[PDB]
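# Reading the structure
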Amino acid sequence: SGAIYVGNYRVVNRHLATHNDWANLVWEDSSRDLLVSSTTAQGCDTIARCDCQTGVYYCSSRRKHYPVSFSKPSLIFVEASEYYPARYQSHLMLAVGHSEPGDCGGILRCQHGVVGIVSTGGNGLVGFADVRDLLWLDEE
Ligand SMILES: COc1ccccc1[C@H](C)CN1C[C@@H](C(N)=O)CC1=O
Ligand SMILES: [Zn+2]
């Protein structure tokens, strides 16, 4: 589990969104596994606006933050899970790292801020849903 709290937005994995998230919806995209809802309190996370390919992510199944090298956001094939059939997921970045289903939502960050959140995994790989292109998270 986990979310990004930026301004009056809460960014979560679409497959982990709650009823309150759907009842306060700002934007969602199944192809990216992302959903954004509105918040009453202001958040403290800042979004990175960069093309970094190195950073650090949080892994809840190890209680550890790991430094990783990750691919550029792309259209990647992801195997069937409890939440989606086997399909192409867009704006996804891959790295070598430990992940389990419940690790979704962990933040990936670089020197500029939050890059994205854990969205996929298995077999020593971890995939992150990028958020750096969502410029509207910084305003309104
Ligand atoms: C942390 O990711 C791991 C790790 C190990 C095994 C499996 C997974 C994830 C949770 C499987 N998936 C892919 C997700 C998606 N974004 O399509 C939806 C889903 O259930
Ligand atoms: Zn960066």
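Structure determination for this PDB entry is given in the record as X-ray crystallography, at a resolution of 1.380 Å.

Here the zinc ion (ligand 2) is held by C50 (SG), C52 (SG), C110 (SG) and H112 (ND1), and the distances to it run 2.0 to 2.4 Å. Of note is the zinc ion (ligand 2), whose four donor atoms meet at the metal with angles of 103 to 117° in an arrangement that counts as tetrahedral. Sequence spacing among the residues donating to the zinc ion (ligand 2) works out to C-x1-C-x57-C-x1-H. Here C52, found in the loop between β3 (34–44) and β4 (54–59), pairs with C110, found in strand β8 (residues 107–110); they are 58 residues apart in sequence, far enough to count as distant. Here the two residues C52 and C110 agree in accessibility, since each one is buried.

This brings us to the domain arrangement of the chain. Here the chain is described as being made up of domain 1 (3–44) and domain 2 (45–140). Centre-to-centre, using C-alpha coordinates, domain 1 lies 16 Å away from domain 2. Taken residue by residue, the interface counts 21 residues in domain 1 and 26 residues in domain 2. On the domain 1 side of the contact with domain 2, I4, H15 and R32 bury the most area, a combined 34% of that side's loss.

Moving on: unusual backbone geometry. The phi torsion of most residues other than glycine is negative, and most of the peptide bonds are trans. In this model, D33 sits at a positive phi of 60°, which is unusual for a non-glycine residue. Its location among the elements puts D33 in the loop between β2 (25–29) and β3. Positive phi values are uncommon outside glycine, yet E140 reaches one of about 35°. Structurally, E140 is set in the segment after β10 (125–130). What makes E140 exposed here is its relative accessible area of 88%.

What follows is about the sheet that holds strand β7 (residues 87–96). What the seven strands build is an open sheet, ordered β5-β4-β8-β9-β10-β7-β6; its pairing is antiparallel. This sheet does not close on itself; its edge strands, each paired only once, are β5 (64–69) and β6 (74–78). Between one strand axis and the next, the sheet turns by 50° as a mean value, whatever way the strands run. With two bridges connecting them, β4 and β8 associate as antiparallel partners. Looking across to β8, one finds that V56 is bridged to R109.

Cut-offs used in this document
Residues numbered from 1 in each chain as written, not as in the entry; some residues may be left out. Chains lettered and ligands numbered in written order. Heavy atoms only, no water. Donors = N, O, S within 2.8 Å, 3.2 Å for Na, K, Ca; no water. Tetrahedral: all angles 85-135°; square planar, octahedral: opposite > 155°, others 65-115°. Helix = DSSP H or I, 4+ residues; strand = E, 2+ residues; numbered from the N terminus. Buried < 20%, exposed > 50% of the residue type's maximum accessible area, 1.4 Å probe, protein only. Domains from an automatic or database assignment. Contact = heavy atoms within 4.5 Å. Buried area = accessible area lost by both parts, 1.4 Å probe. Pairing = 2+ DSSP bridges. Axes fitted to C-alpha atoms, helices over the stretch in contact; angles between N-to-C directions.

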